[PDB]
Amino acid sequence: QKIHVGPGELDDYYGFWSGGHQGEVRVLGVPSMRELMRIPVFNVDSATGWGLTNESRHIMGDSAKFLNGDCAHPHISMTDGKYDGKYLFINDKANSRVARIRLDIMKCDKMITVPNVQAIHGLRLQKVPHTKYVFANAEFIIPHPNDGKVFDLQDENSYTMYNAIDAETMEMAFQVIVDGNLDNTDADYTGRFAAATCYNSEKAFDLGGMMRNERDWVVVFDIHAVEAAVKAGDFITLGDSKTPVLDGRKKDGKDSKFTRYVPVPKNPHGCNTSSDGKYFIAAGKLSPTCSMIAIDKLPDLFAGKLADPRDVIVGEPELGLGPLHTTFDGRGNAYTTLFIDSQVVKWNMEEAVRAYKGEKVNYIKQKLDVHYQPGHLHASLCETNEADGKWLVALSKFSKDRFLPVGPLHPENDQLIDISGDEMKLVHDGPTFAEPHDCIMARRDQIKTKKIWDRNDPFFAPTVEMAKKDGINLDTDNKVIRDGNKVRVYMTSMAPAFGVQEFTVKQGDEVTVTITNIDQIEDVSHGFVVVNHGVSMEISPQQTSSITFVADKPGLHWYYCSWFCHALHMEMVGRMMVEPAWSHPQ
């Protein structure tokens, strides 16, 4: 299998890496493991202006005030259990958000703050019939309402919630109150069932208290029952949020219609659906096991045809110390990270099932040493029924001496492993910044990108509407619109010239500069920087972008095109002249 991508050769897969604590999404080529693009999401990006432009801040809403995010879980939308290449979704634990990225323009186009929750961590997509819902875990128990009167996690109104976001509208669909808390989550291959691990069944805040129970659980959601209750209006609302809220807690030992609690040891973490649709597989973490939940036994479980919730477990292989996460080659094998043993263990799922029934069989096929302390891992197309068993990435936390020293901070070691055969083979150590934690791969033919924006693209449609109120045709106009103490500059740009090369304002004026790149050639990006005003953005071919700033300094102030666009790139400059406040009314 081709391991190295030479000058002139192209990668075979796209890889979408979480940006970890840094807050972006990164596009890599696989197997070269080189970063091809950065997609700003929860970070403020100086290069493109994401977080500074009006278009990006409009998408971020009120959360545009935050300069940080904490990503972990990137996933690609699906149709009939295969990637369809339309959207990527990612979580923000730091400020409780979910973001959607459009894979044709490789930009975040929608973002939502999940109401009435703290810390959006685990995130996974419905597989079948398509990604109608984005499922997202809120990790931490909070009071409801969280108004400062009650702080006790054991109060009857202190809880966290499972969250479902409409993937296409990026509005909330519903929320399910659960017992305990939520860690990771996955979905079945029918649309009926989703599942989440819980590590805090104790609802504690101290470390010992969170580890008290021998078993926490994976909570299983009957989404069909949830949708039925919403359509019937059997729900409540919290605060000023109109999101339907359903109660999935046990009340005095009796189950709700919406949930079932399957005892699983211990502080389990990973929650992974096998590519054949047979199992929710939970990684035991503090327990040296994984637990295998038979999805075809869930209808019976929710119908009361089983006596004990444990009866849906058909395997609990002992695997090694600190199992965290599992992935699949599509050949019947599972691959699980062992954080403490520092390995990836390859095991046969159907043989583990037989061992649970008492048959002595060695389901463990191979243990590969990794370097070191692996968290999550990802096999190519593992979240689809097209799981191809070619590439595996294990994302290890402590890189130690695997790379040159670079001061007190260390990179994550994202190691590429060849799993096309019976023997796992380590082929590449990829260092990455701010702990990506997890990633997702797609074949080259599953991603189709645009090189030239459409003029009606929704990403800047609000800006087009603003332009229209000023009577502006953005494709042609080079005009300075004045409006009180607001100035709206509209210009085309075509390398190597700004359509407006100078304009004059009053000190204190609020200046909006809107640029429409009317070059129609691939890869002629322009930039726009106003010197010493903290203003910077990118404008790709046929895009409109805009940015607003206060002309708070009198005098002449240069602006320039930041992105190398033309042999005369260095002459693509202009001047803003700011008349001093003392020559104007006060």
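From 1 onward, residues are counted along the sequence shown.
Student: Do the C-alpha atoms of 142-150 or of 98-106 have the higher average B factor in the entry?
Tutor: The stretch with the larger average C-alpha B-factor is 142-150.
Student: Return whichever of 528-536 and 550-558 has the greater mean Cα B factor according to the PDB record.
Tutor: The deposited B-factors put 550-558 ahead on the C-alpha mean.
Student: I'd like to know which of 123, 393, 219, 210 has the highest C-alpha temperature factor in the PDB entry.
Tutor: Result of the comparison over 123, 393, 219, 210: 210.
Student: Among 239, 436, 430, 405, single out the one with the highest C-alpha B factor in the record, please.
Tutor: Max CA B-factor in the entry, restricted to 239, 436, 430, 405: 239.
Student: Where does residue 509 sit by CA temperature factor within its chain: lowest, middle or highest third?
Tutor: For residue 509, the deposited C-alpha B-factor lands in the lowest third.
Student: Just say lowest, middle or highest third for the CA B-factor of residue 13 relative to the other modelled residues in its chain.
Tutor: For residue 13, whose C-alpha B-factor we compare with every modelled residue in the chain, the answer is the middle third.
Student: Relative to the other modelled residues of the same chain, rank the CA B-factor of residue 362 and answer lowest, middle or highest third.
Tutor: Ranked within chain, residue 362 CA B lands in the highest tercile.
Student: Quick one: classify residue 111 as lowest, middle or highest third of the chain based on its Cα B-factor.
Tutor: Lowest third.
Student: How does residue 420 rank on Cα B-factor within its chain, lowest, middle or highest third?
Tutor: Residue 420: CA B-factor falls in the highest third of its chain.
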